[PDB]
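Structural features, examined
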Amino acid sequence: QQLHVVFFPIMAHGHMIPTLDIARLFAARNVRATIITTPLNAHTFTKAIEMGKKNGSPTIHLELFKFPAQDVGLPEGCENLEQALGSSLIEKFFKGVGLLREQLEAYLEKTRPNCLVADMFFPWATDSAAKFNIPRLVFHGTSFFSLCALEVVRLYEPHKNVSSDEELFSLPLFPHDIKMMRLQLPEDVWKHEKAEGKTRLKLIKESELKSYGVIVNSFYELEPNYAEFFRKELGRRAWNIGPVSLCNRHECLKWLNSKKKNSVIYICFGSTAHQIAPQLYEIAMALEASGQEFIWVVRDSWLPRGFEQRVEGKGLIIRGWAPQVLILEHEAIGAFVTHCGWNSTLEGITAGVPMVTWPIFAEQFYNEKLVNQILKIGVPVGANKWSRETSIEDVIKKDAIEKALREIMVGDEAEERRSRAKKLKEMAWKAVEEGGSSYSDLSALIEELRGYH
Amino acid sequence: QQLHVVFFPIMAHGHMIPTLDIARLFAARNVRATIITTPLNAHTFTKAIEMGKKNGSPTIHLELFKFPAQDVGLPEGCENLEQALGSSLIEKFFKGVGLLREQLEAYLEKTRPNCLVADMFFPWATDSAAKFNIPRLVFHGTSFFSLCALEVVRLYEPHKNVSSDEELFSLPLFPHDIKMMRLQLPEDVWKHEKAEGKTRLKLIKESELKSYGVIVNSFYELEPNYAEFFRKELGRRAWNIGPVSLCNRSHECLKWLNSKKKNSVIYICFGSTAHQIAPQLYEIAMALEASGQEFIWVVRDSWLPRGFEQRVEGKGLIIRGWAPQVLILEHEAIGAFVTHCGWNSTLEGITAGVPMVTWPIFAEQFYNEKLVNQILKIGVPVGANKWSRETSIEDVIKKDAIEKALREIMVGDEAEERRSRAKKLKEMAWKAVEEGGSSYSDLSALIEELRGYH
Ligand SMILES: [Br-]
Ligand SMILES: [Br-]
Ligand SMILES: [Br-]
Ligand SMILES: [Br-]
Ligand code: NA
């Protein structure tokens, strides 16, 4: 009789889409998959389900919970983490999602599924599932490297034994030597201790040991030392089942067919990225000065006069939606400028494209270390300040940007980075195919859920 | 209304007695303490409560659960782990205690206490307490060293890279170099893989991270490297509150001892739990006589040499049954303690400042023996190296091995140094449990933390 797994992502585009992909991976092994969402977020899933269904692909069920926006003083329209801009709104959003516990517990009591896969941001989901002897898995949607780095920083606080903003400290027990500065950490953790953010991270990392285990959107062969470190040194039970976006598997593409292999730079910072006019201006000048052909995705005081005319042969600006995967996988694309969010980083890896890394917040400075120092498939733009706000002082200048654009295309080790990225691409596809490490760990997890008593 | 803590020990004398002592330590901080037991075990608590009460001491409540003996095919009389001898009986005993879950959940629903202190052998008690938003503490009744050693052996399997019974391997991450052989580990783990015992240990060790934390019957200053290792390297939240047997603490054998030189007499006591076969007792008797050492031997007549008691009349005393163990160990005349090196026994040797001849048999005892001999350096091994819940005639320790250990603990090269080291641990143990001590302090901190839990 059919195994039932319930998936409960936080309402953030970057968590919802990989959660859907995991639900789809489970559905393809004949597991009943239900995703919990809210009314204003349902369209994201309904569209994406049908736009990957009608091929005999199994059915993903949606369950809708009421988000108590009014109750916590959020606008009725604010059912997504992206809409909660400002310190006030974010704190209210987290109180809001915390009040979904009553609905989760009623749903589990009613449906009695075999497993709950709950977002990292719901540490309390473990106790909710335990009430009905249901195992809970934690899903973060980041790298093993980041999960390990964050935890060694939290436990060993290497940044308390420094005396300046830019003083380098090593990550303590790691099998690679990784240096960071305080600038690269959120200001709550290092400068003015704020129990809210600090208590939230503590409960998230503790959930990894208190729960049945951790599903990870990565492949063993990508970061073997950290897949092991997470399980051995840090004691987590984990399954690596990614890259989960490989599960199922236009004018700009015609434009690219005309171009030399590895000749074009793709720049796309995602939907999370909040780009100010002065920053866009420095990118525009750097692109022109670099001489490099480019496809630049933007979400006009911020364009140099005559930009659009000067770059007619060489540069394409797309306002809004780009077919990102089809662009990255085009032979003409030789590099990817990214914020180093894990979804973007994994798409660069899967396309075999070297990356210019532009970390901003969250786990991105850890992802940047993986890409540049361990995988050696990237070049840093030189952003070293962790910030969820964009101060004019933190804008990266034309000269830093131009240096990185040139290095990733024609720098001495640019070809070596391309060769290394092409190897990871082959290893990624091999992980997800029958017999691969990710296919295998998914089989092992399901078998283990089937036998749980 | 006062904080209420429920204590749920497994029905083993070695877990019940320390659990009572913890309940008493909690009761003295004005915490309501209830102990869960079964009808045939209640006498152990009733006696021990009243034999330490009538002084206005705060009241420990008992709750009785029915043990489903018939249900798992055990004799009605088998409500204690000591009665479950043989592979068949032990497995049934563990199925039995597992079926107490229904009664635990009904009791917690009814009483709604602030915290459940549940035996290591009840990993499911964490989820049972969580149903009513009650924090669960794990209690094992052993050393930090044993908790760390078992876990490093389970995770890193140093014994899998071996080819023979007696080949020595090091314990992996420890700041001391500790060498063991497969013989010293249970035969399920190393020889013939049995998922039952292996799954049981896995769920016990996992409960240490899944639960609110771990109460430990040890003191920080006794094993500082392992008190830290358990919390840092292994990530457990833990409180060290022992030796818990000091809580209550502010005839003819004692008259017999007053006649004797300081540190001249060996005390031998394996406990009432101890199952000793006639051939083994016989080898001990011969070793004691041959050693020339004065002795007090506590035994729980085919196994005595003819004329033994008469030949040793000046030098040796055999006590049949109850001995005033504390008063004997604390007598100036007692220079050594022959023990099985279970943690309760090991801690009483430490608290009396008496060096120990270590005779490990099963459970965590070979790890405790490494702590005593290699780290504390207050003991000498008898040379038992075989982990066994059964005593086969083939595994008996012979007179010559026993005599060698009796001589070594009394007059061997480092005998004086072992006595000096043990006397330091004695002072540190009493300092830990007095107001301002590490164990007094961690107990205050735990209670404060339980008081502020939401
Ligand atoms: Br690696
Ligand atoms: Br870097
Ligand atoms: Br130590
Ligand atoms: Br030894
Ligand atoms: Na660890």
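Residues numbered from 1 in each chain as written, not as in the entry; some residues may be left out. Chains lettered and ligands numbered in written order. Heavy atoms only, no water.

The PDB entry lists chain B under the name Glycosyltransferase, from Phytolacca americana. The deposited PDB record carries the title "Structure of Phytolacca americana UGT3 with 18-crown-6".

Selection criterion: UniProt positions are given in the numbering used here, feature names are shortened, and annotations may be inferred rather than shown by experiment.
Chain A appears in the PDB entry as Glycosyltransferase from Phytolacca americana. The annotation that UniProt attaches to chain A under Sequence similarities (unreviewed entry) is "Belongs to the UDP-glycosyltransferase family."

A short note on the overall build of chain A
Going by this rule: Runs of H or I in DSSP of at least four residues are treated as helices and runs of E of at least two as strands, each being numbered from the N terminus. For the radius of gyration, the atoms used are the C-alpha atoms, and the globule rule reads 2.2 Å times the number of residues raised to 0.38. Residue exposure (1.4 Å probe, protein chains only): buried if accessible area is under 20% of the type maximum, exposed if over 50%, otherwise partly exposed. Per-residue accessibility takes into account occlusion by the displayed protein chains alone, with areas from the Shrake-Rupley method and a 1.4 Å probe.
Of regular secondary structure, chain A possesses 19 helices and 15 strands. Taking 453 residues into account, the globule formula puts the C-alpha radius of gyration at 22 Å, and chain A, at 22 Å, falls close to it. Principal-axis analysis of the C-alpha atoms gives chain A an extent of 65 × 55 × 45 Å. Evaluated residue by residue, chain A yields a buried proportion of 55% over its 453 residues. Accessible area of chain A: about 20,400 Å², with a carbon and sulfur share of 50%.

Structural notes on the coordination of the sodium ion (ligand 5)
For clarity, the threshold we go by: Excluding water, the donors of a metal are its N, O and S neighbours within 2.8 Å, or within 3.2 Å for Na, K and Ca, and that exclusion means sites may look incomplete.
Those donors, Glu233(A) (O) and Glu233(B) (O), are the protein atoms that reach the sodium ion (ligand 5), and they lie 2.1 to 2.3 Å from it. Of this pair, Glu233(A) sits in the loop between α10 (224-231) and β9 (238-240) while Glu233(B) sits in the loop between α10 (224-231) and β9 (238-240), which puts the two residues in different chains. Judged by relative accessible area, which is 38%, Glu233(A) ranks as partly exposed. On the basis of relative accessibility, which here comes to 40%, the residue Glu233(B) falls in the partly exposed class.

Thoughts on the domain arrangement of chain A
Residues and elements named next belong to chain A. Cut-off, in case you're wondering: What fixes the domain bounds is an automatic or database domain assignment. Residues are treated as being in contact if the distance between any of their heavy atoms lies within 4.5 Å. Summed over both partners, buried area is the accessible surface (1.4 Å probe) that two parts give up on being assembled. Throughout this description, the term salt bridge denotes a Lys or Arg side-chain nitrogen within 4 Å of a carboxyl oxygen of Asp or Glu. N or O atoms within 3.5 Å of each other form a polar contact, as long as, within protein, one can give a hydrogen and the other can take it, and as long as residues adjacent in sequence are counted only when both atoms are side-chain atoms.
With domains assigned, chain A is organised as domain 1 (4-247 + 429-451) and domain 2 (250-428). Measuring from the centre of the C-alpha atoms in domain 1 to the corresponding centre in domain 2 gives 26 Å. Across the boundary between the two partners, domain 1 contributes 35 residues, which contact 26 residues of domain 2. Summed over both partners, the interface of domain 1 with domain 2 comes to about 2,700 Å²; 64% of that surface belongs to carbon and sulfur atoms. The largest contributions to the domain 1 side of the interface with domain 2 come from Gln-184, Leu-222 and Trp-429, which together make up 22% of the buried area. At the surface where domain 1 touches domain 2, the tally comes to two salt bridges. The closest approach of N and O atoms between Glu-82 and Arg-299, which form a salt bridge, is 3.6 Å. Counting the contacts that link domain 1 with domain 2 gives 15 residue pairs in polar contact. Only α1 (13-27), α7 (144-156), β7 (179-180) and α18 (414-432) provide two or more residues apiece to the side of domain 1 that touches domain 2.

Focus on a negative patch on the surface
Inclusion rule: Patch rule: a residue counts if its relative accessible area is over 30% and it has no salt bridge; like charges are joined within 9 Å, and nonpolar side chains (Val, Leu, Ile, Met, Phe, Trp, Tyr) within 5 Å. By the counting rule applied here, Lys and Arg register as positive and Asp and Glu as negative, while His and the ends of each chain are not counted. Where a charge sits is defined by one atom per residue type, namely NZ (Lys), CZ (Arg), CG (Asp) or CD (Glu).
Among the surface-exposed residues, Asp413(B), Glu414(B), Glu416(B) and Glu417(B) lie close enough to one another that they form a single negatively charged patch. By the element assignment, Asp413(B) lies in the loop between α17 (399-411) and α18 (415-433).

Some words on the domain arrangement of chain B
All names here are of chain B. Looking at the assigned domains, one finds that chain B contains domain 1 (4-247 + 430-452) and domain 2 (251-429). Between the C-alpha centres of domain 1 and domain 2 there is a distance of 26 Å. At the junction of the two partners, domain 1 supplies 37 residues and domain 2 supplies 27 residues. Taken together, both faces of the contact between domain 1 and domain 2 bury some 2,900 Å²; the carbon and sulfur share is 63%. The largest contributions to the domain 1 side of the interface with domain 2 come from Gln-184, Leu-222 and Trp-430, which together make up 21% of the buried area. For the interface between domain 1 and domain 2, the tally reads one salt bridge.

A closer look at α18(B)
Where we set the bar: Expected helix span is given by 1.5 Å per residue-to-residue step, counting one fewer step than there are residues.
If you check α18(B), its first and last C-alpha atoms are 28 Å apart, about what 19 residues at 1.5 Å a residue would give, namely 27 Å. Of the surrounding elements, those touching the buried residues of α18(B) are β13 (334-339), α15 (343-352), β15 (379-381), α17 and α19 (438-451) of chain B.

Side note on the interface of chain B and chain A
What counts here: Each residue is assigned to one of three groups, with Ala, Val, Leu, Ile, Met, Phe, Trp, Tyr, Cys and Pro labelled nonpolar, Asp, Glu, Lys and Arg labelled charged, and all others, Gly among them, labelled polar.
Counting residues at the interface gives eight residues for chain B, matched by 10 residues for chain A. In total, chain B and chain A occlude about 1,000 Å² of area from one another, counting both sides; carbon and sulfur atoms represent 48% of this. Ranking the residues of chain B by area buried against chain A places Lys131(B), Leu209(B) and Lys210(B) at the top, with a combined share of 45%. For the pair chain B and chain A, the interface holds zero salt bridges. Here chain B and chain A share one residue pair in polar contact between them. By residue class, the composition of the side of chain B that touches chain A is two nonpolar, one polar and five charged.

Quick look at the pairing of strand β13 (residues 333-338) of chain A
All names here are of chain A. So the rule is basically this: When DSSP finds two or more bridges between two strands, those strands count as paired.
Among the six residues of β13, six are classified as buried, and the element is accordingly described as predominantly covered. Pairing between strand β10 (residues 264-267) and β13: four bridges, direction parallel. Paired with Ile-265 across the bridge in β13 is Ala-335. Bridge count for β13 against strand β14 (residues 355-357) is three bridges, and the pairing is parallel. The residue of β14 that forms the bridge with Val-337 is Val-356.

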